[PDB]
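Just so we're aligned: the sequence shown equals residues 0 to 169 in the entry's author numbering. Take a look at the structure set out below.
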Amino acid sequence: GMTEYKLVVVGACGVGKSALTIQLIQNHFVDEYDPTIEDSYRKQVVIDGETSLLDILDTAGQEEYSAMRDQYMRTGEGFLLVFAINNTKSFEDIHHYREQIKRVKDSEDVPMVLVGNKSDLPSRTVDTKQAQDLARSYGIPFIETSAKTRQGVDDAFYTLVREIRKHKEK
Ligand SMILES: *CCC(=O)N1CCN(c2ncnc3c(F)c(-c4c(C)ccc5[nH]ncc45)c(Cl)cc23)CC1
Ligand SMILES: Nc1nc2c(ncn2[C@@H]2O[C@H](COP(=O)(O)OP(=O)(O)O)[C@@H](O)[C@H]2O)c(=O)[nH]1
Ligand SMILES: [Mg+2]
C-alpha cells in the first residue's frame with residue numbers, strides 16, 4: 000500500500016526552506032526562488048520500503064494569521080524547524096516557530112525535526128552542540144543539512160516521516 004504525509008517547512012526568511020523543498024522534489028539546488036511564494040508540493044518517494052506520498056507546505060510571505068492559514072498549518076502532521084547555521088537570529092527564532100505550531104495544533108506532542116541548514120558554508124555561528132542541546136530539550140531529532148550539496152536532505156524529511164509514524168501509533 001502507500002501512506003501520505005503532510006509535511007510543513009518553517010523557519011525565518013532566507014534559511015533555505017524553498018531550497019530544501021526543491022532539492023527533495025526536483026533533486027537539484029536553486030539559487031533564487033521567490034521569497035513570497037507559499038505553496039504545497041507533492042512528491043512520491045519510498046521510505047523504508049513503503050511508497051510514501053509527501054505533500055510539503057513551504058511557508059513564506061510575512062507573519063500574519065488568518066483562518067485560512069491556521070487551518071492549513073494545523074493540517075500539517077509534522078514540521079521541519081529550519082534555521083541556518085550561519086545565522087544566529089534564525090536560531091533564536093526557532094522558539095517562536097515551535098510555540099506557534101503548538102498553538103495551532105493545540106498540543107505539546109507534535110512531530111518535529113530541528114534542521115540546521117547551509118552546513119556547506121564556512122562561516123558557522125551556531126555550534127552543533129548548542130543545537131543538539133536545544134533539540135534534546137524539545138525531545139526531537141536534530142539534523143544538519145545543505146540544500147546546496149544535498150547533504151542530509153533526505154535524512155531530514157525521512158526522519159520527520161518516521162517521527163510522524165511514531166505519533167500516529169499512539
Ligand atoms: C522571507 C519570507 C519567508 O520565508 N517567511 C517565513 C514565514 N514568515 C513567518 N514569520 C514569522 N512567523 C511565522 C509564523 F508564525 C507562521 C505560522 C506558524 C509557525 C504556525 C501557525 C501559523 N498560522 N499562521 C501563520 C503560522 C508562518 Cl506560516 C510564517 C511565519 C515570514 C516570512
Ligand atoms: N550555500 C548554501 N546556500 C543556501 C542553502 N540553502 C539555501 N541557500 C541559499 O539561501 C538563500 C535563501 O534560500 P531560500 O530557499 O529562498 O530560503 P527561504 O526564504 O527559507 O525559502 C538562496 O539564495 C539560496 O540559494 C544551503 O544549504 N547552502
Ligand atoms: Mg522560500
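Positions of the beta carbon are idealized from the N, C-alpha and C atoms, including for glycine.
- In this structure, residue 55 has its CB at a distance of at least 8 Å from all heavy atoms of ligand 3.
- Where residue 88 is concerned, the enclosing alpha helix (DSSP H) starts and stops at 87–91.
- Classified as buried, residue 10 has 16 or more neighbouring CB atoms from the shown chains inside 10 Å of its CB.
- A distance criterion of 8 Å places the beta-carbon of residue 36 in contact range of ligand 3, judged by its closest non-hydrogen atom.
- Fewer than three Cβ pairs drawn from the stretch 84–92 and the stretch 53–68 lie within less than 8 Å of each other, which leaves the two stretches out of contact.
- In this structure, residue 31 keeps its C-beta atom at 9 Å or more from the C-beta atom of residue 1.
- In this structure, DSSP gives residue 38 an extended state, which the three-state scheme calls strand.
- Counting along the chain, residue 114 sits inside the beta strand (DSSP E) bounded by residues 111–116.
- If only uninterrupted beta strand (DSSP E) runs of at least 3 residues are considered, those enclosed by the stretch 92–163 are 111–116, 141–143.
- Judged by DSSP secondary structure, residue 32 falls outside any beta strand (DSSP E); it is assigned neither H nor E.
- By the Cβ rule, the stretch 70–85 counts as touching the stretch 123–131, because three or more pairs are nearer than 8 Å.
- Judged by the Cβ position, residue 40 fails to qualify as a neighbour of ligand 1 at the 8 Å threshold, every heavy atom of the ligand being at least this far.
- DSSP places residue 168 in the helix class (H, G or I) of the three-state scheme.
- Residue pairing of residue 83 in beta bridges, as defined by DSSP: 116.
- Remark: the shortest separation between the CB of residue 136 and any heavy atom of ligand 2 does not fall under 8 Å.
- Counted as a single uninterrupted DSSP element, the beta strand (DSSP E) harbouring residue 2 occupies residues 1–10.
- Residue state for residue 51 is assigned as strand, using DSSP reduced to three classes.
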